[PDB]
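Chemist: no sequence on hand, only this structure:
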Ligand SMILES: O=C(O)[C@H]1C[C@@H](O)CN1c1ncnc2[nH]ccc12
């Protein structure tokens, strides 16, 4: 039920929207979380998605880490989407503020190819410190499945479209 998106390529679409509000409206099969390896959902997209689940995402995530240990940077796991989606794909992009290899951003986006359609944010952008223009380029050159990107910041959305 996606509406109001701008088409960038055959399979990539973009909209100026809060991914939480978009998930509540659409209830997609998969919402992507901008996760860290510990699944500690404190701020940014992860903090906002978790708060919309009334902390149920963090309780589920703590049980997953207690059983499996941390994810790899560039890796992912599929957990419940709670009241927002059928599933949440938690994907770890590199955090440039922590010195992580930006080359891992392509490996992070490759996780999206296991799902036919996804609602997602730009990986490694925002508080993860990478250039969002670079993140959008890696997304369109890596993802082959249908990805609906939600960009919260209006000024960033306008810059991403104008420079595409
Ligand atoms: O604007 C953006 O593209 C990124 C980076 C930063 O502005 C935060 N953010 C988000 N993008 C989409 N839905 C969001 N919900 C909560 C945060 C958030």
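Modeler: Arrived safely, thanks for sending. Numbering: from 1, shown residues only.
Chemist: which other helices and strands contact the longest helix seen in the chain?
Modeler: If you go by DSSP state H, the chain has its longest helix at helix 56-68. Secondary-structure packing of helix 56-68 (3 or more CB pairs under 8 Å, 6 or more residues apart in numbering; DSSP states H and E): helix 44-52, strand 76-80. All C-beta atoms are positioned from the backbone trio N, CA, C, and that covers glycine.
Chemist: just put these in JSON lines and tack on distance to the ligand and mean neighbour count.
Modeler: Formatted as JSON lines, the helices and strands packed on helix 56-68 follow (distance: least, CB to the nearest ligand atom, whole Å; neighbours: other CB atoms under 10 Å):
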{"stretch": "helix 44-52", "distance to the ligand": "4", "mean neighbour count": "20"}
{"stretch": "strand 76-80", "distance to the ligand": "18", "mean neighbour count": "17"}
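Chemist: how much does the longest helix of the chain deviate in direction from helix 44-52?
Modeler: Calculated by axes from the mean of the first three to the mean of the last three CA atoms, to 10 degrees, helix 56-68 forms an angle of 110 degrees with helix 44-52.
Chemist: same list (the helices and strands packed on helix 56-68) but as CSV, adding distance to residue 145.
Modeler: As requested, the helices and strands packed on helix 56-68 are exported to CSV (distance: least, CB to CB, whole Å):
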stretch, distance to residue 145
helix 44-52, 19
strand 76-80, 14
